[PDB]
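Contents: one structure, followed by commentary.
Positions are given from 1 along the sequence. Below, each value reflects all heavy atoms present in this structure, side chains not excepted, and no hydrogens, waters or symmetry copies.
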Amino acid sequence: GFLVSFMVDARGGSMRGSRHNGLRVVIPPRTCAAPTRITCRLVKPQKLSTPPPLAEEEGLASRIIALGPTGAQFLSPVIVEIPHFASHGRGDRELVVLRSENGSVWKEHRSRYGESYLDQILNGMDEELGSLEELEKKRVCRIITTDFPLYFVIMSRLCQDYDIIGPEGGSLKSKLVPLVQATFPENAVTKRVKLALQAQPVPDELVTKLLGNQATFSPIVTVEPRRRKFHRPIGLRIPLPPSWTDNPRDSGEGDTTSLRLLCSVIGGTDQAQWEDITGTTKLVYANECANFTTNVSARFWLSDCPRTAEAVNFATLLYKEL
Ligand code: NA
């Protein structure tokens, strides 16, 4: 049953599984003080008596893996790479590492020192680890752990992050994209409520592949949940498309401007129906960002798009592939 099985000691070592399973276990120097037999196997979900429970839009995105010896404690983190088979990109849904100590309860896996610290974690090892970006394209998740639980598995779910804003007001920023901000004035909401400001970056390489040089784009910014009215106008700040930061084609105000503000109001997980709302609200430019207001939660999307009549068509082609 073992996809990987090898001896390692204080000097560390690694092993890949067959190209059909894509597992990789990397045990850095100094993590394993005594000689130990590192193994990994797949676990059929039928054999679990209590499989991970799943809400409506949650699913397992990888094989369940049992790393051996179970309960192995390491002196500093080790690395496991596992392919995933999620049917989506990084918009409304996220991938998370789950673990089960004995197969009965499933909880999110914690790592105190993650991707930022990879160079330290390798402890001078002569191996390469790909970047997040390369891992994303190859559809591989990297697990950083100081121990082997009975099971690990990757889960797809709706993004769980949120902040609470009340009638006193406040601001939200995004986890991933730093300049994306929303400002809620004093009576925007009547009571204390969960909100997210969800910024999805748009990679140049994908825009270039699908659209060439016909347009660039800002990140997509969604105020969640959608289908809510605000009682005061909420202030949004979105970073400009890269080609506008560099040199704007025009003043970017009123109606014929090639800087288009797109909006989608519909509900649904990774659903959008884009409308060009350029010059129905006023945009103010500063610190490489556009600033405008909305009375409704929605998706917003800026595009520097000279052929202005094609902006919605381009956004649609692009969004389907994000
Ligand atoms: Na995501």
Side-chain angles (χ1 to χ4, degrees), residues 1-6 14-27 36-74 77-115 132 135-162 175 194 196 198 200 224-225 267-271 322:
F2 298 124
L3 309 177
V4 154
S5 180
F6 66 104
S14 73
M15 178 67 42
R16 284 188 166 85
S18 158
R19 68 179 170 110
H20 300 300
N21 60 65
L23 284 167
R24 189 200 188 177
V25 181
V26 173
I27 306 289
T36 312
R37 180 161 283 287
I38 304 300
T39 63
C40 191
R41 58 193 174 80
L42 302 193
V43 180
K44 294 153 180 169
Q46 262 210 23
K47 304 222 175 200
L48 300 173
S49 299
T50 56
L54 303 157
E56 172 70 10
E57 296 190 67
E58 293 186 357
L60 298 192
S62 76
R63 302 299 183 178
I64 300 156
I65 61 177
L67 286 157
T70 306
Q73 308 295 299
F74 298 91
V78 302
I79 295 151
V80 177
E81 290 170 345
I82 182 173
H84 77 76
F85 321 111
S87 67
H88 56 83
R90 290 171 189 191
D92 294 5
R93 279 165 291 186
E94 70 192 351
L95 296 182
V96 68
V97 179
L98 299 186
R99 56 180 291 148
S100 185
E101 307 314 334
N102 64 13
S104 288
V105 55
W106 297 82
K107 281 189 176 189
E108 183 164 0
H109 168 72
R110 310 302 176 183
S111 34
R112 310 212 49 187
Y113 298 101
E115 289 288 325
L132 271 325
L135 256 50
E136 187 183 3
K137 300 199 215 170
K138 298 173 75 172
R139 292 172 65 171
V140 167
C141 300
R142 176 182 281 144
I143 303 171
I144 302 176
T145 179
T146 285
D147 77 328
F148 288 173
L150 183 58
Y151 304 132
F152 271 121
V153 70
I154 307 295
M155 184 196 49
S156 167
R157 60 184 193 190
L158 298 176
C159 298
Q160 292 294 115
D161 187 55
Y162 68 89
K175 185 188 191 310
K194 303 196 183 153
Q198 182 156 32
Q200 184 174 12
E224 300 282 23
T269 290
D270 288 336
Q271 306 302 293
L322 260 158

Which residue pairs pass the side-chain hydrogen bond (donor to acceptor under 3.5 Å, both in side chains) test with at least one member in residues 56-68, sequence neighbours excluded?
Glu57-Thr269
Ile64 and its side chain to side chain contact (heavy atoms under 4.5 Å, CB included) partner, picked from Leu98, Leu48, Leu150
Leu48
According to salt bridge (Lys or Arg N to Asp or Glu O under 4.0 Å), does anything in residues 141-158 pair up with another residue at least two apart or in another chain? List the pairs.
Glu81-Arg142, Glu94-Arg157, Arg99-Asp147, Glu108-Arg157, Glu115-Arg142
Any side-chain heavy-atom pair from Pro69 and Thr36 closer than 4.5 angstrom?
yes
Heavy-atom count around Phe85 CZ within 6.0 Å, excluding the residue itself: above 12?
yes
Just so I know, are the side chains of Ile65 and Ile82 near enough to count as touching, which here means a heavy-atom distance under 4.5 Å?
yes
Check this for me: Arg16, atom CZ, are more than 12 non-hydrogen atoms of other residues, nucleotides or ligands nearer than 6.0 Å?
no
Is it the case that over 12 heavy atoms from other parts of the model lie below 6.0 angstrom from the OH atom of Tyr162?
no
Among all residues two or more places apart in sequence or in another chain, which pass the side-chain hydrogen bond (donor to acceptor under 3.5 Å, both in side chains) test with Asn21?
none
Heavy-atom side-chain proximity of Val96 to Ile154 below 4.5 angstrom
no
Residue pair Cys159 / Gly91: nearest heavy atoms and the distance that separates them:
SG-O, 3.7 Å
Side-chain contact, heavy-atom cut-off 4.5 Å: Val4 with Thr39?
no
Evaluate the ring planes of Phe152 and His109, with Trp represented by its six-membered ring, and classify them as parallel (under 30°), tilted (30 to 60°) or perpendicular (over 60°).
perpendicular
Between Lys107 and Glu101, does any side-chain N to carboxylate O distance fall below 4.0 Å?
no
Is there a donor-acceptor contact under 3.5 Å from the side chain of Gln198 to the main chain of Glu224?
no
Does the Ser111 side chain pair with the main chain of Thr145, one donor and one acceptor, at a distance under 3.5 Å?
no
For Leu322, does its backbone N or O pair with a side-chain atom of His88 as donor and acceptor, under 3.5 Å?
no
By side-chain hydrogen bond (donor to acceptor under 3.5 Å, both in side chains), which residues pair with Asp270, not counting sequence neighbours?
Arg93
What residues, two or more places apart in sequence or in another chain, satisfy ring pair (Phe, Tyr, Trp, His ring centres under 6.0 Å) together with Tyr113?
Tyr117
Non-neighbouring partners of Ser5 that pass side-chain hydrogen bond (donor to acceptor under 3.5 Å, both in side chains), sequence neighbours left out:
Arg37
